[PDB]
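model-v7.txt (compact mmCIF, N, CA and C atoms and all ligand atoms)
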# COMPACT_ATOMS: atom_id res chain seq x y z
N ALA A 19 0.76 -9.37 -14.79
CA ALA A 19 1.70 -8.84 -13.72
C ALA A 19 2.93 -9.75 -13.42
N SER A 20 3.65 -10.22 -14.42
CA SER A 20 4.75 -11.10 -14.14
C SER A 20 6.12 -10.51 -14.45
N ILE A 21 6.24 -9.45 -15.27
CA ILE A 21 7.50 -8.87 -15.73
C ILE A 21 7.59 -7.47 -15.12
N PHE A 22 8.76 -7.04 -14.65
CA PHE A 22 9.01 -5.67 -14.26
C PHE A 22 9.87 -4.96 -15.36
N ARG A 23 9.43 -3.77 -15.76
CA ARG A 23 10.15 -2.95 -16.79
C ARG A 23 10.49 -1.62 -16.14
N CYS A 24 11.50 -0.93 -16.68
CA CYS A 24 11.73 0.42 -16.25
C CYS A 24 10.46 1.26 -16.51
N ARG A 25 10.03 2.00 -15.51
CA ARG A 25 8.95 2.91 -15.58
C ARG A 25 9.05 4.06 -16.60
N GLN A 26 10.28 4.53 -16.80
CA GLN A 26 10.49 5.68 -17.66
C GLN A 26 10.62 5.32 -19.15
N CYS A 27 11.05 4.11 -19.51
CA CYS A 27 11.27 3.79 -20.93
C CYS A 27 10.78 2.42 -21.36
N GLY A 28 10.48 1.52 -20.39
CA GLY A 28 10.10 0.17 -20.81
C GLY A 28 11.07 -0.95 -20.92
N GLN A 29 12.35 -0.63 -20.67
CA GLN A 29 13.39 -1.63 -20.68
C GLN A 29 13.00 -2.81 -19.75
N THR A 30 13.21 -4.03 -20.22
CA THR A 30 13.00 -5.25 -19.43
C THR A 30 14.05 -5.33 -18.35
N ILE A 31 13.64 -5.55 -17.11
CA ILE A 31 14.53 -5.49 -15.98
C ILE A 31 14.46 -6.76 -15.06
N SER A 32 13.26 -7.15 -14.58
CA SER A 32 13.17 -8.37 -13.82
C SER A 32 11.80 -9.01 -13.88
N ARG A 33 11.56 -9.99 -12.98
CA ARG A 33 10.34 -10.85 -13.04
C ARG A 33 9.88 -11.05 -11.61
N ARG A 34 8.56 -11.26 -11.40
CA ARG A 34 8.09 -11.47 -10.06
C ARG A 34 8.67 -12.80 -9.47
N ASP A 35 8.90 -13.77 -10.36
CA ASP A 35 9.46 -15.07 -10.02
C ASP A 35 10.87 -14.97 -9.48
N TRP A 36 11.54 -13.86 -9.75
CA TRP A 36 12.89 -13.68 -9.30
C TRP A 36 13.03 -12.90 -7.97
N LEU A 37 11.92 -12.54 -7.37
CA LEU A 37 11.99 -11.84 -6.09
C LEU A 37 12.62 -12.73 -5.02
N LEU A 38 13.30 -12.09 -4.10
CA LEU A 38 14.19 -12.78 -3.18
C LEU A 38 13.91 -12.36 -1.76
N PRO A 39 13.42 -13.30 -0.95
CA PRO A 39 13.23 -12.98 0.44
C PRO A 39 14.58 -12.91 1.16
N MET A 40 15.04 -11.70 1.44
CA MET A 40 16.29 -11.45 2.21
C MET A 40 15.85 -11.19 3.61
N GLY A 41 16.38 -11.95 4.57
CA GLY A 41 16.02 -11.82 5.95
C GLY A 41 14.53 -11.88 6.25
N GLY A 42 13.72 -12.49 5.38
CA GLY A 42 12.30 -12.75 5.68
C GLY A 42 11.26 -12.03 4.85
N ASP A 43 11.70 -11.05 4.08
CA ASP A 43 10.81 -10.21 3.29
C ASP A 43 11.57 -9.85 2.04
N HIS A 44 10.88 -9.76 0.91
CA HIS A 44 11.56 -9.22 -0.29
C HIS A 44 11.59 -7.67 -0.18
N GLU A 45 10.76 -7.05 0.69
CA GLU A 45 10.67 -5.59 0.78
C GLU A 45 11.45 -5.00 2.00
N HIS A 46 12.26 -3.97 1.78
CA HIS A 46 13.03 -3.35 2.84
C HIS A 46 12.95 -1.86 2.66
N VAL A 47 12.66 -1.12 3.69
CA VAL A 47 12.57 0.31 3.53
C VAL A 47 13.80 0.93 4.22
N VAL A 48 14.51 1.77 3.52
CA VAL A 48 15.84 2.20 3.98
C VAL A 48 15.99 3.71 3.63
N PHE A 49 16.94 4.37 4.29
CA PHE A 49 17.26 5.77 3.99
C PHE A 49 18.74 5.91 3.72
N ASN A 50 19.10 6.79 2.81
CA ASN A 50 20.52 7.04 2.53
C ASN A 50 20.96 8.29 3.37
N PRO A 51 22.26 8.64 3.36
CA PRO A 51 22.76 9.81 4.10
C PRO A 51 22.12 11.17 3.71
N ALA A 52 21.49 11.23 2.55
CA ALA A 52 20.75 12.39 2.09
C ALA A 52 19.28 12.38 2.51
N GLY A 53 18.91 11.42 3.38
CA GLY A 53 17.57 11.31 3.91
C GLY A 53 16.49 10.74 2.99
N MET A 54 16.84 10.38 1.78
CA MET A 54 15.88 9.75 0.86
C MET A 54 15.47 8.36 1.37
N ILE A 55 14.16 8.12 1.33
CA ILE A 55 13.55 6.86 1.70
C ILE A 55 13.32 6.06 0.44
N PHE A 56 13.57 4.76 0.50
CA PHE A 56 13.49 3.87 -0.66
C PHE A 56 12.76 2.64 -0.18
N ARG A 57 11.75 2.22 -0.95
CA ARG A 57 11.14 0.92 -0.81
C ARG A 57 11.89 0.02 -1.78
N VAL A 58 12.82 -0.76 -1.27
CA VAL A 58 13.67 -1.63 -2.02
C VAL A 58 13.03 -3.04 -2.06
N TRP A 59 12.86 -3.55 -3.29
CA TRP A 59 12.48 -4.95 -3.51
C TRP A 59 13.79 -5.72 -3.87
N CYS A 60 14.02 -6.85 -3.19
CA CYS A 60 15.22 -7.66 -3.45
C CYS A 60 14.89 -8.67 -4.52
N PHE A 61 15.78 -8.77 -5.51
CA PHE A 61 15.65 -9.76 -6.61
C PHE A 61 16.93 -10.56 -6.74
N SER A 62 16.79 -11.88 -6.94
CA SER A 62 17.94 -12.72 -7.17
C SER A 62 18.68 -12.35 -8.48
N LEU A 63 17.90 -11.87 -9.42
CA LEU A 63 18.34 -11.67 -10.79
C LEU A 63 17.61 -10.47 -11.45
N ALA A 64 18.33 -9.79 -12.32
CA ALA A 64 17.83 -8.66 -13.12
C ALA A 64 18.71 -8.55 -14.36
N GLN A 65 18.15 -7.91 -15.36
CA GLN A 65 18.77 -7.68 -16.65
C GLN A 65 18.53 -6.23 -17.08
N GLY A 66 19.18 -5.82 -18.18
CA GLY A 66 18.84 -4.55 -18.79
C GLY A 66 19.34 -3.35 -18.00
N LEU A 67 20.13 -3.60 -16.95
CA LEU A 67 20.78 -2.58 -16.15
C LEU A 67 22.15 -2.28 -16.66
N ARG A 68 22.74 -1.19 -16.17
CA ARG A 68 24.14 -0.89 -16.35
C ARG A 68 24.70 -0.56 -14.98
N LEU A 69 25.63 -1.41 -14.49
CA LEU A 69 26.26 -1.25 -13.15
C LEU A 69 27.41 -0.31 -13.20
N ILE A 70 27.37 0.72 -12.37
CA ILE A 70 28.34 1.81 -12.54
C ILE A 70 29.50 1.75 -11.60
N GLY A 71 30.74 1.87 -12.11
CA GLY A 71 31.90 1.94 -11.20
C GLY A 71 32.14 0.67 -10.41
N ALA A 72 32.78 0.80 -9.25
CA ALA A 72 33.25 -0.37 -8.55
C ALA A 72 32.58 -0.44 -7.18
N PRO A 73 32.52 -1.63 -6.59
CA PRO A 73 31.71 -1.76 -5.32
C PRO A 73 32.24 -0.98 -4.17
N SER A 74 31.35 -0.63 -3.24
CA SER A 74 31.66 0.09 -2.06
C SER A 74 30.85 -0.60 -0.94
N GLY A 75 31.48 -0.84 0.19
CA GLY A 75 30.79 -1.26 1.42
C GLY A 75 30.18 -0.11 2.22
N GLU A 76 30.51 1.13 1.90
CA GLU A 76 30.16 2.24 2.80
C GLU A 76 28.63 2.45 2.82
N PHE A 77 28.05 2.52 4.01
CA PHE A 77 26.62 2.80 4.19
C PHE A 77 25.74 1.66 3.71
N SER A 78 26.34 0.50 3.45
CA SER A 78 25.58 -0.59 2.91
C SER A 78 24.40 -0.93 3.83
N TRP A 79 23.20 -1.06 3.25
CA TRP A 79 21.98 -1.50 3.98
C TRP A 79 21.95 -3.00 4.25
N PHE A 80 22.86 -3.77 3.66
CA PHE A 80 22.76 -5.23 3.79
C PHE A 80 24.10 -5.70 4.27
N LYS A 81 24.13 -6.29 5.47
CA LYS A 81 25.37 -6.67 6.14
C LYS A 81 26.19 -7.61 5.30
N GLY A 82 27.48 -7.28 5.16
CA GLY A 82 28.42 -8.09 4.37
C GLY A 82 28.39 -7.90 2.87
N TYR A 83 27.54 -7.00 2.33
CA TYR A 83 27.49 -6.75 0.88
C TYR A 83 27.99 -5.37 0.58
N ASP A 84 28.70 -5.30 -0.55
CA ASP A 84 29.13 -4.09 -1.12
C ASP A 84 28.20 -3.78 -2.30
N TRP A 85 28.04 -2.51 -2.64
CA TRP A 85 27.09 -2.08 -3.66
C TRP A 85 27.73 -1.31 -4.82
N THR A 86 27.07 -1.42 -5.95
CA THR A 86 27.26 -0.52 -7.10
C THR A 86 25.92 -0.04 -7.51
N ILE A 87 25.89 1.22 -7.86
CA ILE A 87 24.73 1.80 -8.52
C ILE A 87 24.34 1.04 -9.77
N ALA A 88 23.05 0.71 -9.88
CA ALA A 88 22.43 0.11 -11.05
C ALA A 88 21.52 1.15 -11.73
N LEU A 89 21.89 1.52 -12.95
CA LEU A 89 21.05 2.29 -13.82
C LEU A 89 20.35 1.47 -14.86
N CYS A 90 19.18 1.96 -15.29
CA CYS A 90 18.57 1.42 -16.50
C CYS A 90 19.60 1.56 -17.62
N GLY A 91 19.89 0.43 -18.28
CA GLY A 91 20.81 0.32 -19.35
C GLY A 91 20.37 1.14 -20.54
N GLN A 92 19.08 1.34 -20.66
CA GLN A 92 18.52 2.07 -21.83
C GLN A 92 18.47 3.60 -21.61
N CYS A 93 17.84 4.04 -20.54
CA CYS A 93 17.51 5.41 -20.35
C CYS A 93 18.31 6.09 -19.22
N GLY A 94 19.00 5.31 -18.41
CA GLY A 94 19.86 5.82 -17.34
C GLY A 94 19.15 6.19 -16.05
N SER A 95 17.87 5.91 -15.94
CA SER A 95 17.12 6.07 -14.68
C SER A 95 17.81 5.22 -13.58
N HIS A 96 17.96 5.82 -12.40
CA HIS A 96 18.50 5.08 -11.28
C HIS A 96 17.48 4.10 -10.74
N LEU A 97 17.71 2.82 -10.92
CA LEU A 97 16.77 1.80 -10.57
C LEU A 97 17.05 1.11 -9.25
N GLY A 98 18.28 1.18 -8.77
CA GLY A 98 18.61 0.59 -7.48
C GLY A 98 20.12 0.31 -7.48
N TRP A 99 20.47 -0.83 -6.91
CA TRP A 99 21.83 -1.21 -6.63
C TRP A 99 22.02 -2.70 -6.89
N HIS A 100 23.24 -3.07 -7.30
CA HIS A 100 23.66 -4.43 -7.32
C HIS A 100 24.57 -4.69 -6.10
N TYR A 101 24.30 -5.77 -5.40
CA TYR A 101 25.06 -6.14 -4.19
C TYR A 101 25.89 -7.40 -4.41
N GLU A 102 27.09 -7.40 -3.91
CA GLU A 102 28.01 -8.48 -4.08
C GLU A 102 28.97 -8.60 -2.90
N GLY A 103 29.78 -9.64 -2.90
CA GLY A 103 30.79 -9.78 -1.90
C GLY A 103 30.33 -10.38 -0.55
N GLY A 104 29.05 -10.80 -0.47
CA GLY A 104 28.51 -11.42 0.69
C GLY A 104 28.32 -12.90 0.57
N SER A 105 27.29 -13.42 1.26
CA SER A 105 27.16 -14.84 1.53
C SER A 105 25.66 -15.24 1.52
N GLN A 106 25.37 -16.27 0.75
CA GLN A 106 24.05 -16.88 0.67
C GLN A 106 22.91 -15.86 0.51
N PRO A 107 22.80 -15.19 -0.64
CA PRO A 107 23.60 -15.39 -1.83
C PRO A 107 24.82 -14.44 -1.85
N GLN A 108 25.79 -14.75 -2.70
CA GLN A 108 26.95 -13.86 -2.83
C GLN A 108 26.52 -12.53 -3.42
N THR A 109 25.49 -12.51 -4.27
CA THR A 109 25.10 -11.34 -5.00
C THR A 109 23.55 -11.29 -5.13
N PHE A 110 23.02 -10.08 -5.22
CA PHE A 110 21.59 -9.88 -5.58
C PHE A 110 21.37 -8.43 -6.00
N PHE A 111 20.12 -8.11 -6.38
CA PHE A 111 19.79 -6.79 -6.75
C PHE A 111 18.74 -6.22 -5.74
N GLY A 112 18.95 -4.96 -5.40
CA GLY A 112 17.98 -4.17 -4.62
C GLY A 112 17.46 -3.04 -5.47
N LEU A 113 16.23 -3.22 -5.94
CA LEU A 113 15.59 -2.35 -6.89
C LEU A 113 14.47 -1.52 -6.26
N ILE A 114 14.38 -0.25 -6.68
CA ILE A 114 13.49 0.69 -6.08
C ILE A 114 12.09 0.50 -6.69
N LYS A 115 11.19 0.02 -5.85
CA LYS A 115 9.91 -0.47 -6.36
C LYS A 115 9.09 0.49 -7.21
N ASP A 116 8.94 1.73 -6.77
CA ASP A 116 8.23 2.73 -7.57
C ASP A 116 8.93 3.21 -8.86
N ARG A 117 10.15 2.76 -9.17
CA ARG A 117 10.81 3.02 -10.45
C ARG A 117 10.58 1.93 -11.50
N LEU A 118 9.79 0.91 -11.17
CA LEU A 118 9.50 -0.19 -12.03
C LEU A 118 7.98 -0.15 -12.36
N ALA A 119 7.61 -0.71 -13.50
CA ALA A 119 6.26 -0.98 -13.90
C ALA A 119 6.09 -2.49 -14.07
N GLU A 120 5.02 -3.04 -13.47
CA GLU A 120 4.77 -4.43 -13.53
C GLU A 120 3.72 -4.74 -14.58
N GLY A 121 3.87 -5.86 -15.27
CA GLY A 121 2.96 -6.19 -16.39
C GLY A 121 3.12 -7.61 -16.94
N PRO A 122 2.27 -7.96 -17.87
CA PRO A 122 2.33 -9.30 -18.47
C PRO A 122 3.66 -9.61 -19.24
N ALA A 123 4.02 -10.88 -19.27
CA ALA A 123 5.23 -11.43 -19.98
C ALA A 123 5.35 -11.05 -21.44
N1 LIG B 1 26.97 8.17 0.37
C1 LIG B 1 25.80 8.36 -0.28
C2 LIG B 1 25.49 9.68 -0.64
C3 LIG B 1 24.30 9.96 -1.31
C4 LIG B 1 23.40 9.00 -1.60
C5 LIG B 1 23.73 7.71 -1.20
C6 LIG B 1 24.88 7.34 -0.57
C7 LIG B 1 24.96 5.89 -0.26
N2 LIG B 1 23.68 5.45 -0.81
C8 LIG B 1 23.15 4.05 -0.76
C9 LIG B 1 23.96 3.06 -1.56
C10 LIG B 1 23.29 1.72 -1.30
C11 LIG B 1 23.25 1.33 0.15
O1 LIG B 1 23.24 0.12 0.46
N3 LIG B 1 23.17 2.29 1.03
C12 LIG B 1 23.09 3.61 0.70
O2 LIG B 1 23.01 4.46 1.58
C13 LIG B 1 23.01 6.44 -1.32
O3 LIG B 1 21.75 6.21 -1.93
ZN ZN B 2 14.69 3.12 -18.45
Whole structure, structure tokens version:
Amino acid sequence: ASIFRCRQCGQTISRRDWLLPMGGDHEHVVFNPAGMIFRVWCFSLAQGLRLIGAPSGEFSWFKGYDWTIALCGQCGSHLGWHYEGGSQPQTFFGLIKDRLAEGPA
């Protein structure tokens, strides 16, 4: 249980060692304007994504960060968001926990 892969195709995405306690917890539960609930795990680092378009501050769940949609680079599954433009850290990833599969290295 040390590597996280995309659930739909297996693409390598992150590691348990890279989880990031933002404001006290790596886990944050949030809703978007369409009412969807997301269990977001915060990671300092991720790979194998494709970040779409340019950042937006609108509706941001994390104060002072702007977001871009992060898709699985391989299969295009929406995996979460990349956050940037803030402070300590300047950037991180918010990944949707049930879209990942956890497993050995
Ligand atoms: N405006 C809009 C319309 C439909 C879906 C969604 C949004 C904005 N958003 C997310 C983007 C990431 C964030 O930090 N907060 C959100 O709310 C969505 O998942
Ligand atoms: Zn995938």
Selection: 5 Å around residue 114 in chain A, all atoms listed in the file, excl. self and same-chain fewer than 3 positions, as a list in words: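 In the requested form, the answer reads residues 57, 58, 59, 97, 98 and 117 of chain A.
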Create the file for the chosen residues now, containing N, CA and C atoms and written as a compact mmCIF listing (two decimals), in the frame of the given file.
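New file selection_30.txt:
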# COMPACT_ATOMS: atom_id res chain seq x y z
N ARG A 57 11.75 2.22 -0.95
CA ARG A 57 11.14 0.92 -0.81
C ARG A 57 11.89 0.02 -1.78
N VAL A 58 12.82 -0.76 -1.27
CA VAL A 58 13.67 -1.63 -2.02
C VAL A 58 13.03 -3.04 -2.06
N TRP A 59 12.86 -3.55 -3.29
CA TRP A 59 12.48 -4.95 -3.51
C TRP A 59 13.79 -5.72 -3.87
N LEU A 97 17.71 2.82 -10.92
CA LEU A 97 16.77 1.80 -10.57
C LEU A 97 17.05 1.11 -9.25
N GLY A 98 18.28 1.18 -8.77
CA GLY A 98 18.61 0.59 -7.48
C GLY A 98 20.12 0.31 -7.48
N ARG A 117 10.15 2.76 -9.17
CA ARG A 117 10.81 3.02 -10.45
C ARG A 117 10.58 1.93 -11.50
May I ask you to write as an NGL selection string all residues lying at most 6.5 Å from ligand ZN 2 (chain B), with only N, CA and C atoms and all ligand atoms counted? :A and (24-29 or 90-95)
What lies within 8 Å of range 83-87 of chain A using only N, CA and C atoms, ignoring chain neighbours under 6 positions off, as a PDB file with N, CA and C atoms, keeping the file's coordinate frame?
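See result.pdb below for the written result:
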ATOM      1  N   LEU A  67      20.130  -3.600 -16.950  1.00  0.00           N
ATOM      2  CA  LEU A  67      20.780  -2.580 -16.150  1.00  0.00           C
ATOM      3  C   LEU A  67      22.150  -2.280 -16.660  1.00  0.00           C
ATOM      4  N   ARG A  68      22.740  -1.190 -16.170  1.00  0.00           N
ATOM      5  CA  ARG A  68      24.140  -0.890 -16.350  1.00  0.00           C
ATOM      6  C   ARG A  68      24.700  -0.560 -14.980  1.00  0.00           C
ATOM      7  N   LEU A  69      25.630  -1.410 -14.490  1.00  0.00           N
ATOM      8  CA  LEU A  69      26.260  -1.250 -13.150  1.00  0.00           C
ATOM      9  C   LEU A  69      27.410  -0.310 -13.200  1.00  0.00           C
ATOM     10  N   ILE A  70      27.370   0.720 -12.370  1.00  0.00           N
ATOM     11  CA  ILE A  70      28.340   1.810 -12.540  1.00  0.00           C
ATOM     12  C   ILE A  70      29.500   1.750 -11.600  1.00  0.00           C
ATOM     13  N   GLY A  71      30.740   1.870 -12.110  1.00  0.00           N
ATOM     14  CA  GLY A  71      31.900   1.940 -11.200  1.00  0.00           C
ATOM     15  C   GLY A  71      32.140   0.670 -10.410  1.00  0.00           C
ATOM     16  N   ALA A  72      32.780   0.800  -9.250  1.00  0.00           N
ATOM     17  CA  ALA A  72      33.250  -0.370  -8.550  1.00  0.00           C
ATOM     18  C   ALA A  72      32.580  -0.440  -7.180  1.00  0.00           C
ATOM     19  N   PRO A  73      32.520  -1.630  -6.590  1.00  0.00           N
ATOM     20  CA  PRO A  73      31.710  -1.760  -5.320  1.00  0.00           C
ATOM     21  C   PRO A  73      32.240  -0.980  -4.170  1.00  0.00           C
ATOM     22  N   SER A  74      31.350  -0.630  -3.240  1.00  0.00           N
ATOM     23  CA  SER A  74      31.660   0.090  -2.060  1.00  0.00           C
ATOM     24  C   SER A  74      30.850  -0.600  -0.940  1.00  0.00           C
ATOM     25  N   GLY A  75      31.480  -0.840   0.190  1.00  0.00           N
ATOM     26  CA  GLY A  75      30.790  -1.260   1.420  1.00  0.00           C
ATOM     27  C   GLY A  75      30.180  -0.110   2.220  1.00  0.00           C
ATOM     28  N   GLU A  76      30.510   1.130   1.900  1.00  0.00           N
ATOM     29  CA  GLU A  76      30.160   2.240   2.800  1.00  0.00           C
ATOM     30  C   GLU A  76      28.630   2.450   2.820  1.00  0.00           C
ATOM     31  N   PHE A  77      28.050   2.520   4.010  1.00  0.00           N
ATOM     32  CA  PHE A  77      26.620   2.800   4.190  1.00  0.00           C
ATOM     33  C   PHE A  77      25.740   1.660   3.710  1.00  0.00           C
ATOM     34  N   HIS A  96      17.960   5.820 -12.400  1.00  0.00           N
ATOM     35  CA  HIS A  96      18.500   5.080 -11.280  1.00  0.00           C
ATOM     36  C   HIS A  96      17.480   4.100 -10.740  1.00  0.00           C
ATOM     37  N   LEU A  97      17.710   2.820 -10.920  1.00  0.00           N
ATOM     38  CA  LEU A  97      16.770   1.800 -10.570  1.00  0.00           C
ATOM     39  C   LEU A  97      17.050   1.110  -9.250  1.00  0.00           C
ATOM     40  N   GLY A  98      18.280   1.180  -8.770  1.00  0.00           N
ATOM     41  CA  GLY A  98      18.610   0.590  -7.480  1.00  0.00           C
ATOM     42  C   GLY A  98      20.120   0.310  -7.480  1.00  0.00           C
ATOM     43  N   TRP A  99      20.470  -0.830  -6.910  1.00  0.00           N
ATOM     44  CA  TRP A  99      21.830  -1.210  -6.630  1.00  0.00           C
ATOM     45  C   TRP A  99      22.020  -2.700  -6.890  1.00  0.00           C
ATOM     46  N   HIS A 100      23.240  -3.070  -7.300  1.00  0.00           N
ATOM     47  CA  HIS A 100      23.660  -4.430  -7.320  1.00  0.00           C
ATOM     48  C   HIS A 100      24.570  -4.690  -6.100  1.00  0.00           C
ATOM     49  N   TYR A 101      24.300  -5.770  -5.400  1.00  0.00           N
ATOM     50  CA  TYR A 101      25.060  -6.140  -4.190  1.00  0.00           C
ATOM     51  C   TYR A 101      25.890  -7.400  -4.410  1.00  0.00           C
ATOM     52  N   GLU A 102      27.090  -7.400  -3.910  1.00  0.00           N
ATOM     53  CA  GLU A 102      28.010  -8.480  -4.080  1.00  0.00           C
ATOM     54  C   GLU A 102      28.970  -8.600  -2.900  1.00  0.00           C
ATOM     55  N   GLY A 103      29.780  -9.640  -2.900  1.00  0.00           N
ATOM     56  CA  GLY A 103      30.790  -9.780  -1.900  1.00  0.00           C
ATOM     57  C   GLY A 103      30.330 -10.380  -0.550  1.00  0.00           C
ATOM     58  N   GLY A 104      29.050 -10.800  -0.470  1.00  0.00           N
ATOM     59  CA  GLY A 104      28.510 -11.420   0.690  1.00  0.00           C
ATOM     60  C   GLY A 104      28.320 -12.900   0.570  1.00  0.00           C
ATOM     61  N   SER A 105      27.290 -13.420   1.260  1.00  0.00           N
ATOM     62  CA  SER A 105      27.160 -14.840   1.530  1.00  0.00           C
ATOM     63  C   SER A 105      25.660 -15.240   1.520  1.00  0.00           C
ATOM     64  N   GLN A 108      25.790 -14.750  -2.700  1.00  0.00           N
ATOM     65  CA  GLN A 108      26.950 -13.860  -2.830  1.00  0.00           C
ATOM     66  C   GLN A 108      26.520 -12.530  -3.420  1.00  0.00           C
ATOM     67  N   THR A 109      25.490 -12.510  -4.270  1.00  0.00           N
ATOM     68  CA  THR A 109      25.100 -11.340  -5.000  1.00  0.00           C
ATOM     69  C   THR A 109      23.550 -11.290  -5.130  1.00  0.00           C
TER      70      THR A 109
END
Can you check which residues of chain A DSSP gives as strand (DSSP E) on the backbone and send them as a PyMOL selection string? chain A and resi 21-24+30-33+45-49+55-61+67-69+84-90+96-102+110-114+118-121
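Distances to residue 65 in chain A were evaluated for A:37, A:45, A:52, A:30 using all atoms listed in the file, and the minimum falls at A:30.
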Record the distance separating atom N of residue 79 in chain A and CA of residue 49 in chain A, expressed in Å with one decimal.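 Rounded to one decimal, the two atoms are 9.1 Å apart.
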Can you tell me, as JSON, the centre and edge lengths (Å, one decimal) of the axis-aligned box enclosing all of ligand LIG 1 (chain B)'s listed atoms after padding each side by 4 Å?
{"center_x": 24.4, "center_y": 5.0, "center_z": -0.2, "size_x": 13.2, "size_y": 17.8, "size_z": 11.5}
Would you mind telling me which residue in A:107, A:112, A:122, A:66 lies nearest to ligand LIG 1 (chain B) when using only C-alpha atoms and all ligand atoms?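 The shortest atom-to-atom distance to ligand LIG 1 (chain B) comes from A:112.
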Which residues are near residue 64 in chain A? Cut-off 6.5 Å, all atoms listed in the file, ignore same chain within fewer than 2 positions. Put them as a PyMOL selection string. chain A and resi 31-33+61-62+66-67+111
Suppose you want the space between atom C11 of ligand LIG 1 (chain B) and atom C of residue 21 in chain A; what is it in Å? 23.6 Å
Repair of range 90-104 of chain A at the level of N, CA, C and O atoms, as a PDB file, in the coordinates of the input:
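Output contents, as saved in selection_36.pdb:
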ATOM      1  N   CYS A  90      19.180   1.960 -15.290  1.00  0.00           N
ATOM      2  CA  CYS A  90      18.570   1.420 -16.500  1.00  0.00           C
ATOM      3  C   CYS A  90      19.600   1.560 -17.620  1.00  0.00           C
ATOM      4  O   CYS A  90      20.062   2.625 -17.850  1.00  0.00           O
ATOM      5  N   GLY A  91      19.890   0.430 -18.280  1.00  0.00           N
ATOM      6  CA  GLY A  91      20.810   0.320 -19.350  1.00  0.00           C
ATOM      7  C   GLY A  91      20.370   1.140 -20.540  1.00  0.00           C
ATOM      8  O   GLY A  91      21.192   1.557 -21.397  1.00  0.00           O
ATOM      9  N   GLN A  92      19.080   1.340 -20.660  1.00  0.00           N
ATOM     10  CA  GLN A  92      18.520   2.070 -21.830  1.00  0.00           C
ATOM     11  C   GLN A  92      18.470   3.600 -21.610  1.00  0.00           C
ATOM     12  O   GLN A  92      19.081   4.338 -22.345  1.00  0.00           O
ATOM     13  N   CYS A  93      17.840   4.040 -20.540  1.00  0.00           N
ATOM     14  CA  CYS A  93      17.510   5.410 -20.350  1.00  0.00           C
ATOM     15  C   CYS A  93      18.310   6.090 -19.220  1.00  0.00           C
ATOM     16  O   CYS A  93      18.251   7.318 -19.118  1.00  0.00           O
ATOM     17  N   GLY A  94      19.000   5.310 -18.410  1.00  0.00           N
ATOM     18  CA  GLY A  94      19.860   5.820 -17.340  1.00  0.00           C
ATOM     19  C   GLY A  94      19.150   6.190 -16.050  1.00  0.00           C
ATOM     20  O   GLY A  94      19.813   6.667 -15.134  1.00  0.00           O
ATOM     21  N   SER A  95      17.870   5.910 -15.940  1.00  0.00           N
ATOM     22  CA  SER A  95      17.120   6.070 -14.680  1.00  0.00           C
ATOM     23  C   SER A  95      17.810   5.220 -13.580  1.00  0.00           C
ATOM     24  O   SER A  95      18.220   4.074 -13.788  1.00  0.00           O
ATOM     25  N   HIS A  96      17.960   5.820 -12.400  1.00  0.00           N
ATOM     26  CA  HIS A  96      18.500   5.080 -11.280  1.00  0.00           C
ATOM     27  C   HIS A  96      17.480   4.100 -10.740  1.00  0.00           C
ATOM     28  O   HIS A  96      16.503   4.524 -10.189  1.00  0.00           O
ATOM     29  N   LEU A  97      17.710   2.820 -10.920  1.00  0.00           N
ATOM     30  CA  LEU A  97      16.770   1.800 -10.570  1.00  0.00           C
ATOM     31  C   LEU A  97      17.050   1.110  -9.250  1.00  0.00           C
ATOM     32  O   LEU A  97      16.160   0.513  -8.731  1.00  0.00           O
ATOM     33  N   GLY A  98      18.280   1.180  -8.770  1.00  0.00           N
ATOM     34  CA  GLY A  98      18.610   0.590  -7.480  1.00  0.00           C
ATOM     35  C   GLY A  98      20.120   0.310  -7.480  1.00  0.00           C
ATOM     36  O   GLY A  98      20.926   1.171  -7.802  1.00  0.00           O
ATOM     37  N   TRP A  99      20.470  -0.830  -6.910  1.00  0.00           N
ATOM     38  CA  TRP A  99      21.830  -1.210  -6.630  1.00  0.00           C
ATOM     39  C   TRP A  99      22.020  -2.700  -6.890  1.00  0.00           C
ATOM     40  O   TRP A  99      21.110  -3.524  -6.711  1.00  0.00           O
ATOM     41  N   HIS A 100      23.240  -3.070  -7.300  1.00  0.00           N
ATOM     42  CA  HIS A 100      23.660  -4.430  -7.320  1.00  0.00           C
ATOM     43  C   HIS A 100      24.570  -4.690  -6.100  1.00  0.00           C
ATOM     44  O   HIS A 100      25.437  -3.814  -5.768  1.00  0.00           O
ATOM     45  N   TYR A 101      24.300  -5.770  -5.400  1.00  0.00           N
ATOM     46  CA  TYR A 101      25.060  -6.140  -4.190  1.00  0.00           C
ATOM     47  C   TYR A 101      25.890  -7.400  -4.410  1.00  0.00           C
ATOM     48  O   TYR A 101      25.448  -8.306  -5.103  1.00  0.00           O
ATOM     49  N   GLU A 102      27.090  -7.400  -3.910  1.00  0.00           N
ATOM     50  CA  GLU A 102      28.010  -8.480  -4.080  1.00  0.00           C
ATOM     51  C   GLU A 102      28.970  -8.600  -2.900  1.00  0.00           C
ATOM     52  O   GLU A 102      28.947  -7.803  -2.024  1.00  0.00           O
ATOM     53  N   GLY A 103      29.780  -9.640  -2.900  1.00  0.00           N
ATOM     54  CA  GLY A 103      30.790  -9.780  -1.900  1.00  0.00           C
ATOM     55  C   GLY A 103      30.330 -10.380  -0.550  1.00  0.00           C
ATOM     56  O   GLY A 103      31.152 -10.464   0.363  1.00  0.00           O
ATOM     57  N   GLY A 104      29.050 -10.800  -0.470  1.00  0.00           N
ATOM     58  CA  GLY A 104      28.510 -11.420   0.690  1.00  0.00           C
ATOM     59  C   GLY A 104      28.320 -12.900   0.570  1.00  0.00           C
ATOM     60  O   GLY A 104      29.137 -13.583   0.003  1.00  0.00           O
TER      61      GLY A 104
END
